[PDB]
Number of protein chains: 2
Amino acid sequence: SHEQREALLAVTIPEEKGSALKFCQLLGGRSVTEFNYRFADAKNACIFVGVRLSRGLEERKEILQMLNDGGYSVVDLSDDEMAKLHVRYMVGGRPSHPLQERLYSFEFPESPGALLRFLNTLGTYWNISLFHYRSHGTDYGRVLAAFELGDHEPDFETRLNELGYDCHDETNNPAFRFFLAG
Amino acid sequence: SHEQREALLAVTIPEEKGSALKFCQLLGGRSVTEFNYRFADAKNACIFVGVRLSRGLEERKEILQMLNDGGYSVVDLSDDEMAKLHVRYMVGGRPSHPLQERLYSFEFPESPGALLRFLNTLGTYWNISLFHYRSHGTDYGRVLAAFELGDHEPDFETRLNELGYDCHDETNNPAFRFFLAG
Ligand SMILES: CC[C@H](C)[C@H](N)C(=O)O
Ligand SMILES: CC[C@H](C)[C@H](N)C(=O)O
């Protein structure tokens, strides 16, 4: 038998500004229900992606084909018991070189294409260095994301709240500092 | 208000063989329902620990006092929203230096002290370099753990199955290889 309710994918995307947005553009108007990443390698980022399905294995195959035809390396984890039980809860670590990060929590209304619309709303001026999101089937999705400071303080807590997305600065969070910062 | 159902703790323990077992000995006959770790720093390991409570904040305080009196550095994350929503699902990463690991899945019967009994049953001959466990309130707890090879192939799949703990070798798992191995 095969998992029918969701596609679980290990995707490599470029470790550069705007790469998450470009990848989600290809996913398009789908219900992307998980997206987990933390800066590790400076060239290739590793993302754990979950997509809710309505047409089961065939739809999983269509997504895999689309991503390959788009030039992405993807490993299908949909039938992988350790991915389903453990590894989707283990995307983290400290970065391979020291980062100067700002951490924020956000909420976005859930519907097909919502993660894509949220990533576009953030924009690509700052590099995303951490992302954690899992849908709970609720009306709003809850995201944790960090951004590299670069040359200007990220503006998310002003701009995103002006645009109808809840946003809070979490940079001094003790759990982030203990397990993830570096 | 305060969280009453569980204590969530960020604990530093020595990065050495037998350290997890020694820490869980101090926790004793408690319902340890989460224990997440991945080798990072070679001196100090960082563990995310959850303990189910029956006496709420007072019991949380008793656990914190006991751990401090035992000489452990602990940060209380029980009321930390980002820990509860995100970071407990983000304990992972690749190790700070390359490791030669063997990965196994296990199941143990859930009851007070069960994680302690499982860690003692494993023994301390091999260093644990990865641990993921979250209780789902079910009769059996499901663990993912990796061990450094050292000088002898770990014996868990023979010995632990002889002792009434289910154990399977997962060393070639694609999700581990993609997100955690290093
Ligand atoms: C997942 C984030 C990716 C890799 C990239 N850093 C970005 O800012 O889009
Ligand atoms: C969590 C594992 C700890 C740090 C240690 N490596 C052990 O084998 O007990």
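All ligand and atom numbering here is 1-based and tracks the order in the structure. The chains referred to below are lettered A, B, ... by the order of the sequence lines, with proteins before strands, and numbering in each begins at 1. Quick note: numbers below take in every heavy atom, side chains included, and nothing from hydrogens, waters or symmetry partners.
Contact check on A:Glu62 versus A:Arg55 returns a salt bridge, with a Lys/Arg side-chain nitrogen under 4.0 Å from an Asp/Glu carboxylate oxygen. Salt bridge annotation for B:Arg38-B:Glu15: absent, with no cationic side-chain nitrogen under 4.0 angstrom from a carboxylate oxygen.
Atoms of ligand 1 found under 4.0 Å from any heavy atom of A:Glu16, numbered from 1 in the order shown, are 5 (C), 6 (N), 7 (C), 8 (O), 9 (O). Listed by number with element, the atoms of ligand 1 under 4.0 angstrom from any heavy atom of A:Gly18 are 7 (C), 8 (O), 9 (O).
Taking the six-membered ring where the residue is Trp, A:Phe156 and A:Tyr104 present perpendicular rings, their angle passing 60° and hence far from 30°. Note on ring orientation: taking the six-membered ring where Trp is involved, the planes of A:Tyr133 and A:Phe108 are tilted (angle from 30° to 60°).
Residue-level proximity to ligand 2 for B:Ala45 is carried by the side chain, the only part with a heavy atom below 4.0 angstrom.
Atom CG of B:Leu122 sits about 9.0 Å away from atom CG of B:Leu21, to the nearest 0.5 Å.
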Check the pair B:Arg142, B:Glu170 against salt bridge (charged side-chain N to carboxylate O under 4.0 Å, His left out), reporting the backbone distance first and the verdict last. CA-CA 13 Å; B:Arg142 303 200 262 181; B:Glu170 310 286 354; over 6 Å; no

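Contact between B:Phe131 and ligand 2 is absent, with no heavy atom of the residue lying under 4.0 Å from the ligand. Residue contacts with ligand 2 include B:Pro14, since one or more of its heavy atoms lies under 4.0 Å from the ligand.
Residues B:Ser105 and B:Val143 form no side-chain contact, since every pair of their non-hydrogen atoms from C-beta on lies 4.5 Å or further apart.
Checking only distances, A:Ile13 never comes within under 3.5 Å of ligand 1, N or O to N or O. In terms of N/O distances under 3.5 Å, ligand 1 is approached by A:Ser19. An N or O contact shorter than 3.5 Å is missing between B:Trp126 and ligand 2 by distance. Checked against a 3.5 angstrom limit, the closest N/O atoms of A:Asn127 and ligand 1 fall inside it.
Of the candidates B:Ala146, B:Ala40, B:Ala20, the one placing a heavy atom closest to atom 9 (O) of ligand 2 is B:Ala20.
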